[PDB]
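Number of protein chains: 2
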Amino acid sequence: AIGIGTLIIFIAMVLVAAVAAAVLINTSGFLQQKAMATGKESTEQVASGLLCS
Amino acid sequence: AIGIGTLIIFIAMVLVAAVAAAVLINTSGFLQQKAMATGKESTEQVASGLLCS
Numbered sequence: 013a014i015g016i017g018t019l020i021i022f023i024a025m026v027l028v029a030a031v032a033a034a035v036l037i038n039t040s041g042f043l044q045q046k047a048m049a050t051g052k053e054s055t056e057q058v059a060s061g062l063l064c065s
Numbered sequence: 013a014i015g016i017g018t019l020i021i022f023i024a025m026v027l028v029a030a031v032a033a034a035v036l037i038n039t040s041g042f043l044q045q046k047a048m049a050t051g052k053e054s055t056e057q058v059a060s061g062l063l064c065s
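Protein chains in written order, with the entry's author numbering: chain c, 13 to 65; chain o, 13 to 65.
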């Protein structure tokens, strides 16, 4: 009798961990974009310019 | 007189316990499949991916 239930709740544990992992993976992806963008943009700003002759 | 009947109903007790056992055994079998499947699938999902270079 006991055995049956153990299996069922095990399934839930798996899925819930999976769902949480998805958040972390996805979020890391979302940040990767902006992280790079910010650095490149900021460098081009400080480095570039014109000078009156 | 009494003896005769005792034997007969004993037979029924046996068969009814047998039938109930069958349910439990079978059901455990049915779950074994899906339990494993879910775990393997979920792991392969979280672990795999591609990355832009």
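By construction, the Cβ of each residue, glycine as well, lies at the ideal position given by its N, Cα and C atoms.
What residues of chain o sit near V26/c, judged by a beta carbon separation below 7 Å? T50, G51 and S54
Does the distance from the C-beta atom of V58/o to that of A24/c stay below 7 Å? no
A13/c and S54/o closer than 7 Å at C-beta: no
Cutoff 7 Å: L43/o Cβ touching any chain c Cβ: yes
I'd like to know whether the C-beta of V58/o is nearer than 7 Å to at least one C-beta of chain c. yes
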